[PDB]
Amino acid sequence: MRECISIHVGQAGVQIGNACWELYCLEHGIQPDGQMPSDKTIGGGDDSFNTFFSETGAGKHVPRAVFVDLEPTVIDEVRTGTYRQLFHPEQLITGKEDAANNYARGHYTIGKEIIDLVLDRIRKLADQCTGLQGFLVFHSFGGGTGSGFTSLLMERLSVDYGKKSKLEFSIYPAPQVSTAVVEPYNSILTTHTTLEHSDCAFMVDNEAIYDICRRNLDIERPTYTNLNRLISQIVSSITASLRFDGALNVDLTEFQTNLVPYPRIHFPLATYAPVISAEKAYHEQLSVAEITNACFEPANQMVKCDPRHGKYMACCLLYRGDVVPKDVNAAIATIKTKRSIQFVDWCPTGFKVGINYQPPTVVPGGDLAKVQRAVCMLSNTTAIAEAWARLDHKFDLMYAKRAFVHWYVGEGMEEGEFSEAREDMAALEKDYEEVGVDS
Amino acid sequence: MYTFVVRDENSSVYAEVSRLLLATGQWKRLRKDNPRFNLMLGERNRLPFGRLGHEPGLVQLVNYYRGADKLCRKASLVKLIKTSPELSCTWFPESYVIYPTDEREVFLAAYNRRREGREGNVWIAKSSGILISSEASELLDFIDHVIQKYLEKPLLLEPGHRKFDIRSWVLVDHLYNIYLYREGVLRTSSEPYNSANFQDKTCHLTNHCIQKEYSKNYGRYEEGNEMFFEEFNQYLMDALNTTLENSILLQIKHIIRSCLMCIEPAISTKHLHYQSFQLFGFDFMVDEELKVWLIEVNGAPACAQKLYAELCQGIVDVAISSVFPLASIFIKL
Amino acid sequence: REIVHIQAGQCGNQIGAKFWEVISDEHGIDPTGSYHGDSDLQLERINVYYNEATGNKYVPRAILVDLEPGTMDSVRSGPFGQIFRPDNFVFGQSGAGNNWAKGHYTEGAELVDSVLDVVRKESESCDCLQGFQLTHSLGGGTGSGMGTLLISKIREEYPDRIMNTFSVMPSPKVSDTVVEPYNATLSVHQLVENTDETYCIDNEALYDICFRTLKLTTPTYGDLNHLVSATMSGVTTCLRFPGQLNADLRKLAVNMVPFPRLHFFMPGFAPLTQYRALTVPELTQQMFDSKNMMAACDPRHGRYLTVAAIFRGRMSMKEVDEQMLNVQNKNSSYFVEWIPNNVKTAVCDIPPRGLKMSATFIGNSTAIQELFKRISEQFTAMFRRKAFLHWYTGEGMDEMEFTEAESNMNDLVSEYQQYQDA
Amino acid sequence: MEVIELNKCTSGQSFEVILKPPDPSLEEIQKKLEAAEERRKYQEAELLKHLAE
Ligand SMILES: Nc1nc2c(ncn2[C@@H]2O[C@H](COP(=O)(O)OP(=O)(O)OP(=O)(O)O)[C@@H](O)[C@H]2O)c(=O)[nH]1
Ligand SMILES: Nc1ncnc2c1ncn2[C@@H]1O[C@H](COP(=O)(O)OP(=O)(O)CP(=O)(O)O)[C@@H](O)[C@H]1O
Ligand SMILES: COc1ccc2c(c1N)C(=O)O[C@@H]2[C@H]1c2c(cc3c(c2OC)OCO3)CCN1C
Ligand SMILES: Nc1nc2c(ncn2[C@@H]2O[C@H](COP(=O)(O)OP(=O)(O)O)[C@@H](O)[C@H]2O)c(=O)[nH]1
Ligand SMILES: [Ca+2]
Ligand SMILES: [Mg+2]
Ligand SMILES: [Mg+2]
Ligand SMILES: [Mg+2]
């Protein structure tokens, strides 16, 4: 058994982490006090769930997680929340004043003063691991801390844990969901500095989550709680293979091996179905064919884009619930005849399928209804480059006038890093075009 | 108030659509780079579909179907018909793609079979610069494109003993309804068809630009070498004892519906974050047996002078105002 | 996230007094500093503006400054006079005689160290000082001259803190002396360099609103100050109450100021003050209307660089988005297109006293140049003849300093016009 | 339409279906951070020099 350490940076990372660990505990039968009745190996063990939870002599199951934020208001809710007993204080790390939506402020100014403390709190979790696989890093693109400090942490993690894999869950900025004006700057700056340090990053566009909450959950004005509980369902589907017995995506390395043939193009698109409102009185349960077909609907993707006009490099189907391989192949065959599924020439036109019999778990009193089967599709599509194009264009509009640049230079950043980061994104956009477009 | 932007100043059709939108008093034009638009009249090349449909509170409509190039490129149209099971095909001339994958060997195989079989072996080469010849060696040496059987037996109008082609305008709205403008046009060659001189490309090429330049009896039979349906129908009745509808329009409607429905799953914006529509220009040939042949599909077509008003008004009513209501001339296929 | 409040001069202290009266009511603090509220939202961020004393007493983190005692005796006798920390009254006896030189160079210089001593004591008891806010006028002597001297000395001692001002611009319609354009031009020079955010409160706009909209034939300073305190309460709601996004003065500046010198904001408020609550469409239309701007500038004469909008009360947040998106989507020509999504909207459940809902507007518009053009013209009309200069040369100033301040303000105007054509 | 590598356990099963065959060092990081600090120091020294004037 090999351990995984989760790291949550900034407000978005912290609150999403709260939703994930709440869900993990429900899925593994762990109470808010940390106790786990079904666990018969008291104070130890090397079961599948032990990759995310350590065990104390008193029977408490403690997450292998670190929460870091440059100001304390968000992490103070964890310290006094429903799961206050779950984490111990060393795991919860807070500063006094945030990065004010400024990558340079979180990366250079404030990051330099707290980076060593974070690494040491991390080193203490690593010292408890017989075999550490790597890290799962949750953060926003747009936040000063989520962008600026995460990029610093990722650099140092590569220095202190070179052989270890690092995966990202990144929140892509959407104006519908409380964005700052400079978030395009922070997004490009942090993607440039983090690119060579991340093996596989799952981008979640808040626009997509927002619309799924309005459209499928019939929530007029989705809150962060609504958004995060939905995000945690997708995150749980992605990490379930690390926490339960299985044979697909059993270690972090397998994610890169199965989803990322070329290192720079390490942003798989996630699609989830079904999302059903809990307030919906009468509901008809969807089939394996129907939820699999929904994986090719843009309206169910974590990032809005059109895969029909890109090329696939890898596709993974992760089912949870009453699903048997027979029904999956039947649905796949049908969808092949009706959908535009173009793979790149140098890759097999295939699907790696994973089935976990336990149906998805839903937070009691939440917005999601219990369903008998669900699926998360991870596909590496060149179509996701549309999100880079949108972002790069907003960057271009402001940077042409140097709008707001003085805030970053004032924190010690050189203006050259803007063009350097942008040039890297231009190369990234070109890499996607070479891979998936025909002359 | 609805808002729109213009990104193709060289579009004659949408310059009139733009003009009409202002006259309604409920549409306001924006700068070409303002993202807060409801309607985009986009550029022909590299239209940024990836930036559409991400503006909160705005329903956004664009006048081009992403992926429709598959149909509107001569090379890709040939591949689309061959590799599409819904097309496989009796109304598209035998065509081959030849690079300067390639189909050289496959093209010559059929070419040789026709040669020994005594059948007419005249082909025409073209690209997205036209050569008509019966010697394969001359065709390939000119490319160094698509090679396509040259219809040697075209229906010739009388008097004049002259060639022609038919242009049909087809509008596809955001719901993927297929609307055929009930007014077409024939581009007529003013030179008598000479089947023994492919060197002179004036009685063989139907383009209005070629007739207006090289043709010396240009405009003799009809104004601007353009004959409209009312006249063409009357001619078919007088000369052939049939109607335009029965002899030709049934086939045109079939061909239009086959092409657009074939590619619908790939370009439909039914469940997309933005919506699309597009005006297409279908070009057909008619042979002496009154069989209709598809020649090409143009994705940014111009309109006949006397038809701009009616058609462009039809675009606003069917394609635009259907998504943005304000305060039939089409045949629904 | 503690803020230190400073109010200087007559205008500064009278407007400052009303501010503390209004927000003390919203937060449930009585004139004696005792909390008697009925909602935990009132105390969640109460520390941003108040200190806690023994007995659950709340004391404003406010410093009262003036070069004559008159106006501050009034404050101490006002309704909430007893709520201020007695040690935080800092005053002299000579006054500044509506003379920037006296506030900035002679009379004020004698008193500034005492003020910094009180500022230092307030800052040292802050868990993490957010920044400073100053209320003052630009047309007088103490608020204008000594007020900007204070800002310069606060920046020297706290160079990494945010400096925010509510600055009342003079107008001939509501004038005390003819040298107000001199004092205002000298002050704007200071503000352009040493503040991060300045709310331009134009007394010409306050008068027009009272006379034309509120139908007050004879507006008094009290009437003008009613509009200022409602505006101040509005543009500080996002600092004082819990919201979906936790926002402070530095995040405001980062999102509102695309270029360092262009940090002068036009405030607006609706409804202008009836028992009929307004609909969300009405609040949105009025808060963008020129007649609701606190700076006498026509927004249609320029373009918005950035906008912040705060909605207070129980309303449809969905309907708020629909109407805010409606304003930008139907008036796109007045928003610069090279700053995507430069209009941010916020909502606060707690409404201001006497209203079931309200809207506060904060605009960084290039039209604000009309305000500085106006002041520049009045300045030049006198300066070309050196009229009234002896009041200033008699305090050690020479004409060159006036020429520099004028040039710097005309440069500011050229900067706004530069981005209005971007 | 081949199915390969079918693995079954009590908690589920996985398989593959084929439809068609085919860094900076710690020192350098510290310099970056310290270089940014010096630039912030120089800018503040200029401000204080300007204020001293
Ligand atoms: N989905 C989701 N997005 C969030 C959440 N919280 C913040 N965001 C998004 O994150 C972006 C802002 O980043 P934050 O995480 O709030 O900022 P930060 O990392 O704390 O850094 P600071 O600037 O120092 O506060 C915006 O685009 C928000 O929409 C959340 O809980 N869920
Ligand atoms: N297989 C064929 N048989 C007979 N004539 C043909 C033919 N292929 C092409 N032509 C003639 O060549 C002319 C132009 O061929 P082409 O497909 O390139 O149109 P074009 O693209 O050059 C201008 P347009 O957009 O109006 O069609 C047609 O008008 C037709 O008269
Ligand atoms: C131009 O866009 C923006 C404007 C303002 C803000 C942001 C923004 N993107 C932003 O993210 O932080 C601020 C902040 C804010 C608002 C209003 C306030 C205020 C604020 O901060 C303390 O103080 C005085 O009234 C509105 C939005 N809110 C979250
Ligand atoms: N809005 C408002 N303006 C004022 C008030 N008092 C003075 N002013 C204006 O401020 C300027 C005079 O400055 P003042 O504050 O009285 O002088 P100071 O005491 O030296 O700072 C003139 O432009 C007045 O119109 C007030 O209570 N409210
Ligand atoms: Ca155990
Ligand atoms: Mg934060
Ligand atoms: Mg054509
Ligand atoms: Mg006075």
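By convention in this document, chain letters (A, B, ...) are assigned in the order of the sequence lines, proteins followed by strands, and residues within each chain are numbered from 1. Counting starts at 1 for both ligands and their atoms, following the listed order.
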Hey, is the main chain of A/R221 close enough, under 3.5 Å, to the side chain of A/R214 for a donor-acceptor pair? no
Taking atom 14 (C) of ligand 3 as the reference point, the nearest protein heavy atom with its distance: C/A247 CB, 3.5 Å
Proximal ligand 3 atoms for C/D248, defined as those under 4.0 Å from one of its heavy atoms: 21 (O), 22 (C)
Here the pair of heavy atoms bringing C/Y304 nearest to C/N342 is O-ND2, 3.5 Å
Top protein contact for atom 5 (C) of ligand 1, by heavy-atom distance: A/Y224 CE2, 3.5 Å
Per-atom contacts of ligand 1 with A/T179, taking only distances under 4.0 Å to non-hydrogen atoms: 27 (O)
Which residue holds the protein heavy atom closest to atom 27 (C) of ligand 3, what is that atom called, and what is the gap in Å? C/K344 CG, 3.2 Å
For C/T360 and C/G234, which heavy atoms make the closest approach, and how far apart are they? OG1-CA, 3.2 Å
Are any of the N/O atoms on A/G144, whether in the backbone or the side chain, positioned under 3.5 angstrom from an N/O atom of ligand 1? yes
With a heavy-atom distance limit of 4.0 Å, tell me whether A/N228 approaches ligand 1 through its side chain, its backbone, both, or neither. side chain
Any side-chain donor paired with an acceptor under 3.5 Å for C/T237 and C/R312? yes
Give yes if a backbone or side-chain nitrogen or oxygen of A/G143 is under 3.5 Å from a nitrogen or oxygen of ligand 1, and no if not. yes
What atoms of ligand 1 come within less than 4.0 Å of a heavy atom belonging to A/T145? 18 (P), 19 (O), 21 (O), 22 (P), 23 (O), 24 (O)
Nearest option to atom 3 (N) of ligand 1, as decided by whichever heavy atom of A/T225, A/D205, A/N206, C/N246 sits closest: A/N206
Does a side chain donor of either C/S187 or C/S144 reach within less than 3.5 Å of an acceptor in the other side chain? yes
Can you name the closest pair of heavy atoms from A/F67 and A/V14 and give their distance? CE2-O, 3.7 Å
Just need the protein heavy atom nearest to atom 29 (O) of ligand 1, so name the residue and atom and give the distance. A/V177 O, 2.6 Å
Any donor-acceptor pair under 3.5 Å linking the side chain of C/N183 with the backbone of C/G140? yes
Should A/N102 be counted as touching ligand 1, given the test is an N or O pair under 3.5 Å? no
Can you tell me if A/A100 contacts ligand 1 (heavy atom of the residue under 4.0 Å from the ligand)? yes
Those atoms of ligand 3 less than 4.0 Å from some heavy atom in A/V181: 1 (C), 2 (O), 9 (N)
If we number the atoms of ligand 1 from 1 as shown, the ones under 4.0 Å from a heavy atom of A/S178 are 26 (C), 28 (C), 29 (O)
Heteroatom proximity flag, C/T306 to ligand 3, N/O under 3.5 Å: no
Is there a donor-acceptor contact under 3.5 Å from the side chain of A/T190 to the main chain of A/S147? yes
Side chain, backbone, both or neither: which applies to C/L245 and ligand 3 if a contact is any heavy-atom pair less than 4.0 Å apart? side chain
Test item: C/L249 and C/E197 side chains (from C-beta on) under 4.5 Å apart, heavy atoms: yes
A student checking ligand 3 against C/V307 at a 4.0 Å heavy-atom cut-off should list atoms 1 (C), 2 (O)
With side chains defined as the heavy atoms from C-beta onward, is the minimum distance between C/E337 and C/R303 less than 4.5 Å? yes
Sub-3.5 Å N/O-N/O distance, A/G146 and ligand 1: yes
Ignoring hydrogens and angles, state whether a donor on the side chain of C/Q130 or C/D248 is under 3.5 Å from an acceptor on the partner side chain. no
May I ask you to identify the nearest protein heavy atom to atom 6 (N) of ligand 1, giving residue, atom name and distance to one decimal place in Å? A/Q11 NE2, 3.3 Å
For ligand 1, indicate whether the residue A/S140 contacts it via side chain, backbone, both or neither (heavy-atom separation under 4.0 Å). side chain
pair C/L252-C/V257: side-chain heavy atoms closer than 4.5 Å: no
Proximity to ligand 1 by part of A/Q15, non-hydrogen separation under 4.0 Å: side chain
Is ligand 1 under 4.0 Å from a heavy atom in the side chain of A/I171, in the backbone, in both, or in neither? side chain
C/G108 to C/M146 - nearest heavy-atom pair and separation: O-CE, 3.7 Å
So, 2.8 Å as the limit: is an N/O/S atom of C/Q10 located closer than that to the Mg ion (ligand 8)? yes
What atoms of ligand 1 come closer than 4.0 angstrom to any heavy atom of A/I231? 1 (N)
To which of A/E207, C/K251, A/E183 does the heavy atom nearest atom 26 (C) of ligand 1 belong? A/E183
List ligand 3 atoms under 4.0 Å from C/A308, heavy atoms only on the residue side. 4 (C), 5 (C), 17 (C)
Element-labelled atoms of ligand 3 that are located less than 4.0 Å from some non-hydrogen atom of C/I310: 17 (C), 25 (O)
Please tell me if the side chains of A/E71 and A/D69 come closer than 4.5 Å, counting only heavy atoms from C-beta onward. yes
Between A/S140 and A/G143, is there a donor-acceptor pair closer than 3.5 Å when you use the side chain of the first and the backbone of the second? yes
Do any nitrogen or oxygen atoms of A/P173 come within less than 3.5 Å of a nitrogen or oxygen of ligand 1? no
Suppose I only count heavy atoms of C/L239 and a 4.0 Å limit; which atoms of ligand 3 are within that range? 22 (C)
Which ligand 1 atoms are under 4.0 Å away from a heavy-atom of A/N101? 23 (O)
Out of curiosity, is C/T237 lining ligand 3, as in a heavy atom under 4.0 Å away? no
Under 3.5 Å: donor-acceptor pair, side chain of C/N164, backbone of C/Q133: no
Give the numbers and elements of all ligand 3 atoms closer than 4.0 Å to a heavy atom of C/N342. 1 (C)
Minimal non-hydrogen separation, C/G103 against C/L67, with atom names: CA-CD1, 4.1 Å
Under the 3.5 angstrom rule, does the side chain of A/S151 hit a backbone N or O of A/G148 as a donor-acceptor pair? yes
Can you report which non-hydrogen protein atom sits closest to atom 15 (O) of ligand 1, along with the distance? A/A12 N, 2.9 Å
